[PDB]
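Okay, so we've got a single protein chain in two different forms coming up as structure tokens, structure 1 first and structure 2 after it.
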Structure 1
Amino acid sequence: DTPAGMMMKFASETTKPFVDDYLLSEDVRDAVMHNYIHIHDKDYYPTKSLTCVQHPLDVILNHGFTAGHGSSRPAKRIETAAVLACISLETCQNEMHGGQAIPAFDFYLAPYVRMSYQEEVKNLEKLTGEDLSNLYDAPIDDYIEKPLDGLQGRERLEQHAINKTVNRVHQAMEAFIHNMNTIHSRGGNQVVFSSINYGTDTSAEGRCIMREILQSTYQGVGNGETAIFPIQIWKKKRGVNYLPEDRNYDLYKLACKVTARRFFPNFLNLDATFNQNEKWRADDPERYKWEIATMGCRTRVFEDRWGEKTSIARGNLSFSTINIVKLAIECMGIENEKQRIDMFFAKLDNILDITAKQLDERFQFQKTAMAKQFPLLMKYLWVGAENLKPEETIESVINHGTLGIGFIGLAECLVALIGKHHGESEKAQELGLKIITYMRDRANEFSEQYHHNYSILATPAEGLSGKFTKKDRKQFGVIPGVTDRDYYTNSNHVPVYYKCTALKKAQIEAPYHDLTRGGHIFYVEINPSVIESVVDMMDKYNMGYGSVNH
């Protein structure tokens, strides 16, 4: 209803028909118009825009930035560091059509906690002329606040400086949360898709950042209201924060308490077999950038076939979802199960080939864009973009993103077309695993054939919940169990209308996480005890990403 939202609606309504013509191939357009492929962000296709990125904030925070005429010097405080993080996210959100993430929020904001502490001790020195130079690089335990009742001497000055640092970090974290939840910067709804990942920083500064962000989340925004953005994600590592002996276990417990009330942060299990990296050393200051980072849109970019297995500075180029329920409904007419399965697999093969060709064509369209079209993404944020002239193509660096082949309604793909759904039957579970494994193998073949990074995606429900189901119900009527819910069940998820305990849901949904390298989530609807149990079952059965709601 806002003028900006109306402008973006007009732009989308004048772009989607345009991309449908002269840009989509004949086969691609035929597949899209026949309710087979949903090309996500079909608007912004003419812009040659990429989907998402994990911002390397060290570059921006240490060298400033110069985007157009907007130039910022290197940060000297937490107050400026948080604002620069917000600025980077907002600026890159206007250059891309997907989420923006901070892979290491605790690692990126941590030197500036020490710089703020040094400013406090230097202000106390100029107030007192006491030459407190031994407190500059001294090791701090946790940056905690104490009443200061009877701590006279240099102890009083040290504790007062720590108190001021804690207050400054608290104000900066409140500012970051409120700016990401209040500033309406992008187009349309205007709220930036913001995510931050933290949990694996054991230093006192990172612990202070995490503690203050958790306290600010716990206190809410404004008058105790829960914050919608940024999507907070807690990185779970055994030996760092999971076991009671671990360094950041207490903060982890605190995180659970916050999830008990504000339902944030989410949890990213770095102990999953697919999320492990052989170059993660617990001592290296750069032990991040070798660990998995996830967005609120569930986009996972970890493995690269011609580079490093990292999530920083990389992202998704574009992803499109495949309607497998439609193929299953089409093959429903075969009475023999074996022939019906063979027909479904042939249809899936054809649609997978079409989707791969569509993603390749969109890649060829995007690669001709010049670096001048993305002032911040292709100058500080992408992998290798610092070696790009403004008037040269991005083809030398675009072959590092991920092409996503998404799917939806596996439970609906099985509820009545080929028997029962995977929540209630073991045969259905085996069939669903077979389908997703076939998709993953074909994605690997596509990656070899087209020289790209293809990954299977458990597409988030937002923006696609009812688009497929309405057309399927129009074409095929009300199929009992399939086209009768007004929404397709989320990908490889137990249907919400099926009453199963969290243990059974986790056991059913665990295998699909390894197959969906492009993204996945565990969803529990329901006290820190229950959150602890959810994380425990995420640990017991290999699961990448998880969240608890109400």
Structure 2
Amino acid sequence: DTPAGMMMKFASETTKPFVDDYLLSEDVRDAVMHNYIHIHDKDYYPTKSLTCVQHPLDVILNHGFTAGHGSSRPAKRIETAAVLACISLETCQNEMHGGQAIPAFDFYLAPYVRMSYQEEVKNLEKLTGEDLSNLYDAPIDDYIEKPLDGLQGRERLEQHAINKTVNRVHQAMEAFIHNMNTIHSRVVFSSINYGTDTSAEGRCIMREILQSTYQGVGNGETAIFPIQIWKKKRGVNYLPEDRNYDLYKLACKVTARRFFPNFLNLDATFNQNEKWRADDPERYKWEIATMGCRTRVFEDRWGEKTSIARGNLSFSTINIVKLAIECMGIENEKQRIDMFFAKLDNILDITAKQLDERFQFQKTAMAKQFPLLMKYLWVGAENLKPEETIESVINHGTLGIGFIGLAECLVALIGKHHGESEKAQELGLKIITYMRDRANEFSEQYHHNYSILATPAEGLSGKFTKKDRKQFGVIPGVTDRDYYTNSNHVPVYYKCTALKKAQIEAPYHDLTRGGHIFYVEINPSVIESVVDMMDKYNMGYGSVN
């Protein structure tokens, strides 16, 4: 009952009705309280804050950041760069409502491990002066630790300069884990992605944080934050011959007891670009990155295909279960199936209209309303004055239309869900491709970017399930198992193996360009099998615990 929590609760309670009655449209707000649609993070509407953004740390580290009197200076070393990343994630969280994301953590923090290594290199000569000025440009395969027992030369001290460097970076990453875990406010949902940087700095960063989320906080308590995602790329870390196969095995072993990190698939046929090369200094631009809230921002109709500096403005969830339940009553299956798609066409248009309306509201903004947000992070910054109505900056944005509850939808007209019938598994794929088609059509119409999303249901776990009992109730197999199932998942109350669930739920990921997950409830052998199933049936994102 922390007082800061009460202040946040009061703010939310005094803001949400004002948002509903003063900042929305009648048509959309009619469905926002009719269990058809659910606007996410509604309490932050009057503030022109955006949901999530992938922070480009290059500008905030080469240059500084200014917010009020907070005049900072460019970073110098690892113990300042990691803390600056924490400060940026915290400060931006005060100017945004969703979760903060660091795409290619290794790519961002690679140079400030090399700089710290140089700083240490120019310190070991103070004991015994020597002209070692060639360690600024000495290639190193990786930064490893070992006992300093047995050596009779500068090798005893050349490796020691990394021995303290790896410990310094390890303590920095442990502080990063704790600092993102010491939730004392009325809570920051930071997510980091890594796995595709083939350098000594990147691999040291990726190895000294996976071994720190396995030790645990406190006396051995499993940490809750940050959410960690591993990027799997063919030719990089998947095959045994690949470069980062060992880190993939380490991630599997850590997930075997702490249920982290999650896994992301860059070999998906919808996560590819035409400018990715193994030698590109900035290849991380053309690579999809996600967060713990299952958010994807990759393509751009009016911009270069990238994820950096972009993000999501807002999104909302659609309760297809209500439509499916309302579709009952009629006898023939063809008529009910046809009527289900009619109820899905208008709601997609309503959601796209809501997203465009929030786009209208969020424009005519100020660069000084959210410091450090529309000044160094978003794509359009550095070109418009602190008050000159930033409008050439918000075009490169994305919008989401979410859905939840496929199992109870697949039991409303045929009687069996997609775990006991093959007819059901064919109807399930139809009600997602149509959503994708209508999303593309609405993006052509309203002149923006739209996508289809499988919401995590972390704040929608039971609201729709409980409130559906208004015009009906006690329906066997649907309104008898407490929470609604996940977006497109096989019900937990149905006994199933791993292979069958993987085959059933896989095809729904290419259609969902906003986000998705494959969830399995229980040695890294099991995690390896789950990742193999995820890769084989072209899935993408997957979690096991």
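Only the largest set of C-alpha atoms that superpose within 1.5 Å between the two forms is called the rigid core. FYI, numbering is relative to structure 1, first residue = 1.
For the list 448, 441, 392, 130, which one shows a CA move of 2 Å or more between the two structures after the core is fit? Between the two forms, the residue that moves is 392.
Using a rigid core superposition, assess whether residue 239 undergoes a CA shift of 2 Å or more between the two structures. Residue 239: C-alpha displaced by less than 2 Å between the two structures.
Using the core for the fit, does the CA position of residue 416 change by 2 Å or more between the two structures? Comparing forms between the two structures, the residue 416 CA shifts at least 2 Å.
Core-aligned CA shift between the two structures for residue 12 (Å): That residue's C-alpha is offset by 1.3 Å.
In Å, how large is the C-alpha displacement of residue 24 between the two structures after the rigid core is aligned? Value for residue 24 between the two structures: 2.0 Å of C-alpha shift.
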